[PDB]
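Here the protein sequences come in this chain order: H and F. Using the authors' numbering, read the first sequence as starting at 70 and increasing by one per residue. Using the authors' numbering, read the second sequence as starting at 225 and increasing by one per residue.
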Amino acid sequence: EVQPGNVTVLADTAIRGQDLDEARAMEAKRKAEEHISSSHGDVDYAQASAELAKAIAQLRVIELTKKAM
Amino acid sequence: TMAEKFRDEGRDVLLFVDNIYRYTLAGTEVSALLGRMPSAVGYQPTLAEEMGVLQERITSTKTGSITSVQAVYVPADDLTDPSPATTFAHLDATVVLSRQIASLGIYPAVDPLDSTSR
């Protein structure tokens, strides 16, 4: 887009065609019927969550101290 | 003894005992003066025999029956103290009340994960 004293180029991140996008559409449609739920890759959250799950396991704290709740 | 007289007459009786813990506590208060060595938490050495010699004669029989309800104070809320611990065995239905429920206002403060019945 060119204006008289300004110009801007609204670029794209990946090659955009017709048949390129239809492959993406078909893959996204497949993954919804076949329940292929892929995993994220946040390894920090994976480790923190697993340590937090183990540490809190069978603590029985609330039975031990007499909080009413 | 009163309840047993009514039972032997062939009747069927109700016997309510307002705190049976105080029988064992009065036994403790006097045990050491009788010259008997202390046991687990200062309790008399004959705790379980004193307790059984009573709870065994409060029972129904082929001639007449006694229903009963006994309040059993548990000291310091410690359900593992020797005195409640030896009494649990002598009951058919045990109802355990708890302070951490009564403080919620939920009366009767029965603990349903600890009450049980034969």
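Backbone N, C-alpha and C fix where the C-beta goes; we use that ideal spot for every residue, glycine too.
Item	Value
For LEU321/F, return the contacting residues in chain H, with the cut-off set at a CB-CB distance below 7 Å.	What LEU321/F touches in chain H: nothing, since even the nearest Cβ is about 14 Å away.
For chain H, is any of its Cβ atoms less than 9 Å away from the one on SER327/F?	yes
In angstroms, rounded to a whole number, what distance separates the CA positions of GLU102/H and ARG93/H?	15 Å
Contact criterion: CB-CB distance below 9 Å. Does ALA137/H meet it with respect to chain F?	yes
To the nearest angstrom, how far is the alpha carbon of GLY276/F from that of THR270/F?	10 Å
Nearest chain H C-beta to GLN279/F closer than 9 Å, yes or no?	no
By DSSP, does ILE244/F sit in helix, in strand, or in coil?	coil
Figure out for me which residue from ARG342/F, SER322/F and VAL296/F has the closest Cα to the Cα of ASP242/F.	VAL296/F
Taking buried to mean at least 16 other C-beta atoms within 10 Å of its own C-beta, is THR283/F buried or exposed?	exposed
How should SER107/H be labelled, buried or exposed, when 16 other C-beta atoms within 10 angstroms of its C-beta is the threshold for buried?	exposed
Could you check how far apart the C-beta atoms of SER307/F and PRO299/F are, in whole angstroms? I think they sit under 8 Å.	7 Å
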